[PDB]
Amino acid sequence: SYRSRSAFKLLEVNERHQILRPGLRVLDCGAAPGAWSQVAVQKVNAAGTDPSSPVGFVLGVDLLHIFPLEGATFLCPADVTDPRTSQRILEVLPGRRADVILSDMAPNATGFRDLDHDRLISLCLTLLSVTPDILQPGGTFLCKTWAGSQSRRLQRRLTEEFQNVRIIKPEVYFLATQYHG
């Protein structure tokens, strides 16, 4: 059971791409209500439920309150784009780095379609710009984005900074792996 149907999208992405595994430290951006965080805790063994496997770590961040989850730490309210938020992230992550950065952040909808899409792409870019401080070299970045003209900039930057960038469909996700960075 999950706090949101979003879980199922992350479960499917991980099934194919194998981005979550025991021991990995995960940062989950736009984590409320916490379904991606629930998946992440299970797959990286953050609650230690499996004694036979490394114990990962999960930190979720959102503007909105997140109810406690066994095996995750949450920072809320916290704006992922606020410089204070990165420092708080660095203070909490084991070894001051994450192995996987997940992002399901989206602006609140306005009914202006280009504007909402562009704002989404902008969030992804701001997060990528703070990734050098947070993301383990070799690590993974998965973000919700929109697929079009304004997205090409984000896709180019990911291509420069990761060995491999996949576009994943049925909303669009970029999955960038093997951070140089």
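One rule holds for the numbers: they count along the sequence shown, beginning at 1.
> When you step from residue 170 to residue 171 in this entry, do you jump over none, 1 to 3, 4 to 9, or 10 or more residues of the deposited sequence that have no coordinates?
Gap between residue 170 and residue 171: 4 to 9 residues without coordinates.
> Name the higher of the two by mean Cα B-factor in the PDB entry, 84-92 versus 97-105.
84-92 has the higher mean C-alpha B-factor.
> May I ask you to compare 48-56 and 22-30 by their mean CA B factor in the entry and name the higher one?
Higher mean C-alpha B-factor in the PDB entry: 48-56.
> Which one of 142, 154, 135, 63 shows the top CA temperature factor in the record?
That would be 154.
> Compare the C-alpha B factor of residue 131 with those of the other modelled residues in its chain, then answer lowest, middle or highest third.
As the PDB entry reports it, the C-alpha B-factor of residue 131 lands in the highest third of its chain.
> Where does the C-alpha B-factor of residue 123 rank in its chain, lowest, middle or highest third?
Its C-alpha B-factor, which the entry lists for residue 123, ranks in the middle third among residues of this chain.
> For residue 115, does the deposited CA B-factor place it in the lowest, middle or highest third of the chain?
Middle third of the chain for residue 115's C-alpha B-factor.
> Could you say whether, by C-alpha temperature factor, residue 147 belongs to the lowest, middle or highest third of its chain?
Within its chain, residue 147 is a highest-third residue by C-alpha B-factor, going by the deposited values.
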